[PDB]
Amino acid sequence: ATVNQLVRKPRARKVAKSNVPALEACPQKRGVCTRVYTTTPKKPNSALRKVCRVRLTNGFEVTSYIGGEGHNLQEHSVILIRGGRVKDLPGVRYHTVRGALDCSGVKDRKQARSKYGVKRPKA
Amino acid sequence: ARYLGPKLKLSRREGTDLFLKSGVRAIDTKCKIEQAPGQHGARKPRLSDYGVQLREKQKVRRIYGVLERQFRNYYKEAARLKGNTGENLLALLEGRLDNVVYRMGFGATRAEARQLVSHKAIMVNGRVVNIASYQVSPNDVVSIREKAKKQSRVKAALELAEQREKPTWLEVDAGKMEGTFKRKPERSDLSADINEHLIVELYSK
Amino acid sequence: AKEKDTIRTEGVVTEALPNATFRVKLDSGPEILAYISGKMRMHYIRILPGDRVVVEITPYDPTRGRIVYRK
Amino acid sequence: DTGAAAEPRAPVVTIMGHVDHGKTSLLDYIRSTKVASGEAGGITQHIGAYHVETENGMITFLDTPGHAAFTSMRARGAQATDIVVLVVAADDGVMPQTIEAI
Amino acid sequence: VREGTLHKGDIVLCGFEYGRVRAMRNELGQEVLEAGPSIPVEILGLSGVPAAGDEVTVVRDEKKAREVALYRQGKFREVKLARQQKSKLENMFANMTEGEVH
Amino acid sequence: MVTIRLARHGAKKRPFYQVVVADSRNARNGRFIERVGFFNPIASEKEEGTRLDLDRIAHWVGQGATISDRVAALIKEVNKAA
RNA sequence: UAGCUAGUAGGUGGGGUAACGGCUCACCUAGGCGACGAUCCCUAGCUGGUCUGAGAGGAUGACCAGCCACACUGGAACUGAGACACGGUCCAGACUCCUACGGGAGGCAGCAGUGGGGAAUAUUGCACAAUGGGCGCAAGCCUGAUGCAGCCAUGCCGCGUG
RNA sequence: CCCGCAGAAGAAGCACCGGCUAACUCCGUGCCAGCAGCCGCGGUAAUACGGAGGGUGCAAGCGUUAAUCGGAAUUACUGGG
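Residues numbered from 1 in each chain as written, not as in the entry; some residues may be left out. Chains lettered and ligands numbered in written order. Part of a larger assembly, values for the part shown. Heavy atoms only, no water.

Per the deposited record, cryo-EM is how this structure was determined, to a resolution of 4.2 Å.

Peer 1: Describe the domain arrangement of chain B, listing the residues and the values that go with them.
Peer 2: Residues and elements named next belong to chain B. Here chain B is described as being made up of domain 1 (7-93 + 190-203) and domain 2 (94-181). Between domain 1 and domain 2, the C-alpha centre-to-centre distance is 23 Å. Residue-level contacts link 14 residues of domain 1 with 13 residues of domain 2. Summed over both partners, the interface of domain 1 with domain 2 buries about 1,100 Å², with 39% contributed by carbon and sulfur atoms. Here domain 1 and domain 2 share 0 salt bridges between them. For the pair domain 1 and domain 2, the interface holds 14 residue pairs in polar contact. Counting only elements with at least two residues in the side of domain 1 that touches domain 2, the list comes to α3 (49-64), α4 (68-80) and α5 (85-94). It is α5 that provides the largest number of residues to the side of domain 1 that touches domain 2, a total of 4 residues. Residues of the side of domain 1 that touches domain 2, tallied by class, amount to 10 nonpolar, 3 polar and 1 charged. (Domains from an automatic or database assignment. Contact = heavy atoms within 4.5 Å. Buried area = accessible area lost by both parts, 1.4 Å probe. Salt bridge = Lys/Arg side-chain N within 4 Å of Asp/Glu carboxyl O. Polar contact = N/O pair within 3.5 Å; in protein donor to acceptor, adjacent residues only side chain to side chain. Helix = DSSP H or I, 4+ residues; strand = E, 2+ residues; numbered from the N terminus. Nonpolar A, V, L, I, M, F, W, Y, C, P; charged D, E, K, R; others polar.)

Peer 1: Provide a residue-level description of the protein's contact with RNA strand H, including the pertinent values.
Peer 2: The environment of RNA strand H is formed by 68 residues, the closest being A:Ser18, A:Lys50, A:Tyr65, A:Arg113 and C:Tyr35. Of what RNA strand H places within 4 Å of the protein, 76% of the atoms are sugar or phosphate. In this structure, a phosphate oxygen belonging to RNA strand H sits 2.7 Å away from a side-chain N or O atom of A:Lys87. One of the backbone N or O atoms of A:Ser114 is found 2.8 Å from a phosphate oxygen in RNA strand H. (Near = heavy atom within 4 Å.)

Peer 1: How would you summarise the layout of surface pockets if you had to cite specific residues and measurements?
Peer 2: When its volume is computed, the second largest pocket comes out at roughly 1,800 Å³. As for the second largest pocket, its lining consists of 42 residues, of which E:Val1, E:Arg2, E:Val41, E:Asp54 and E:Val56 are closest to the centre. Listing elements by their share of the lining of the second largest pocket, those giving two or more residues are β2 (48-53), β3 (58-63) and α2 (71-80) of chain D together with β1 (11-14), β3 (23-25), β4 (42-44) and β5 (56-59) of chain E. Top contributing element to the lining of the second largest pocket by residue count: α2(D), with 5 residues. Considering only residue class, the lining of the second largest pocket consists of 22 nonpolar, 10 polar and 10 charged. (1 Å grid on protein atoms, 1.4 Å probe; cavity = no way out; pocket = protein on both sides within 12 Å on 5 of 7 lines; lining within 4 Å. Points joined across faces, edges and corners; volume = space filled by probe spheres on them.)

What follows is the structure, given as structure tokens:
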């Protein structure tokens, strides 16, 4: 571009929007939820994967992946909700935190207990 | 703090001895050098360009027995000083108190040297000094104090100390359990094992 | 590791939707949305309504079947 | 404690039966309060504990509704108290409430 | 209060709730600092509203007591929240029960 | 009005005072006209530790500034000679 | 968001203020501002700085320090060197409490602390011993400023678990 | 802050190991269960899932997530078309 033009109208940075409407400089939010489905992914993969409609405390209805092997979650249940997209499913940008609030940890899991909410085995 | 684990595994992983055990004898039988530890170490490594940098960082760090955060602090000080950064790095590491005790030969090993400075045996210019990381100055006398004097710990060490090739930057003394640190190490004085541009290169990315 | 709490039971295929998705009426259960299994796609097999298939159902979501067994 | 050197305890006493007929009145009379029937509907609807001076001697009193929903409170009040009193009126002579306190 | 002593600095553990006593009230008497062997005392500055059906006990240390309370509360939630969900299993998954589900 | 006084910037349980010319209304750590010395009471065996430019302090006394009781004591300690 | 401004723009005289002044009035003239972005809307306490970056730059203004603004909501003045006054005052409004129900009292965006919000941030602590203020000739009194402790792996750094 | 006493006694966990990217095999499950930052793995011999053994990184912390800048010469004045 020409230097007189840049004096006249300057350069302008991109908006750089976030991936999560949960936002608000928050890592964690809360919600009361409603419905737990098991929906198919996109055709390159196959499975039935556990997904929940979380009504957030700030009034936003969003959808969220349930990790780990099974869960206790149903109906009205208060869970913790962190970020992170799952690309194989449609539009899920969030994950529920296992072993928090109303959520069970994954029983009989032994490795990687930083995820899945499992206190260390003692014998 | 401290590594605490099995000493020989680090030498066997790095593929050149780190002198961690090495008291009574420099024994081949225990070491099993260049065979690698664990089940699948028999195979040829075919190491990457990132890995040869990362290996050399661990090789230097495991000699002096430092952890990455403390080791990073020496790199930051060595960088701001004029002249070569790798040399100013190795100068600060060699300038450690637990290191000078190993160089004078009061202790058998670097871990026993760190034990003696922690256990308040060692005094520098008549101060007692707990801290292993302590930076020794030019013109610093160093000595063992009366409680730790003439025990089985120091006495066995002073015997096996004679075998060593003997540093060029300090006066050994040690007829009465003391030593004197005369002047700075320089690149010629210290060992040829380290690749000095290489360890500095890894922190650049 | 996997646990064997999934249930397999039969049903008549009522109607074929898009995407290899089928409306199958079970014998005891209601009519459920069933996707075809991987194996049929793998061996290039297509199916048709009015036929009686074994349909794996999960306790978590009882509205989603899985057409396991052949025509 | 060292050697079990424990010293006397004044009795905690509970009262069950019907409000206004006498269950409030026994407590209210010692404290001289006139607080009987001061709650809505003229009835006691929750548990409370009150310590008294009997001139001379000390006693503590616990008070609870005699009624159906307050069964768990009367179960805890009986085992917490040293002595239980059951007030009874000659209008009915026997109640569904009286056998619960027995 | 069963046992006749108490001070402001005491750490208290009530069920799965814990805390230090901020202030003490004995009925209308708000000037109490100690407990008799049969008196009722209001506790204040305890965390949360406890379940009120059970025994309250003072403990040695605030750092430790807190930890204990936390752990026990966690345990309580744990068993009560686990088992249940899965169990509702078959019915929830297997069959739509009846109709008069209103 | 102007006062010569000791302000504390040093670490917890090791006071290091900065003797300073400031108005009385301003807080101890706050707004000031100029620095004039330092006072280390904790000190060390080294010679330095109490320092005050006397041409500055006599100037401010000449403009009418009053002296805090510690600084008044430290002036009559260091004098021309201690 | 392209036209916006009547005390608006300028002058004279009167009044006003510690003091300049459309500051405020009477009268006279018709200007003022405007694409080098006026006016309007949205959003925002600012800076020495912090963080990142080879630098240029970008993002940001917690802590520390300078300055301004606000003190239940809305408006005004008094006293005074200085306020249109955080724990002064008067009135109206909202709201809480008290009451003999006629009428009154209260303002933690001070330190602790509680309800509630929220993913989540502390002890209803000790002392004027020290610095620094207020008053007093001074002793001395007052000072939740400040100095200190308690609590939390929150961060940085040191050391150990041989 | 210093001295004394006793005795290895009281004190190591966490993530990751298909490529990117330092660090591998077996067993269970069988396009299911589930993993996934990105490209992607799993439909009967899974170095990518679950478990175990071995290994690597870092340390009283470790990891994930959110937030900002960097890499980005990807608003480019320095420094683009």
